[PDB]
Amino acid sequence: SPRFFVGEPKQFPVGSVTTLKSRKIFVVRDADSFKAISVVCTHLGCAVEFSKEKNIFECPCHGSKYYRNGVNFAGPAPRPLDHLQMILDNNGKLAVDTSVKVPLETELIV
């Protein structure tokens, strides 16, 4: 299913990028702002990996690189990573919908 819960905002450290391999998403929290970024490389579909030390997203298939917000700056990647719809449910749980693409600037503050 594209729609699913990810956890309460407390399960995510401030300034952390959490990788959900099965869900095909990153959960990026900056201060109190939350973002959901897809792991799918925009080149041919490989799974991008985040490096904490380099603070970038890197594709091991053809060397595409993305900044923390997902914008492509190196490699054959032609466009930024897809940002996904993320809401806080009525019971304090974060919900992500991979079927709903959102503009890159979208953020969820808690």
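Residue numbers run from 1 along the displayed sequence.
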*If you average the Cα B factors in the entry, which is higher, 80-88 or 51-59?*
51-59
*asked:* Please say which third, lowest, middle or highest, residue 10 falls into when its CA temperature factor is compared across its chain.
replied: highest
_Relative C-alpha B-factor of residue 65, binned into the chain's lowest, middle or highest third_ = highest
*Select lowest, middle or highest to describe the third in which the CA B-factor of residue 72 falls within its chain in this entry.*
lowest
*For residue 25, the third of its chain into which the C-alpha B factor falls*: middle
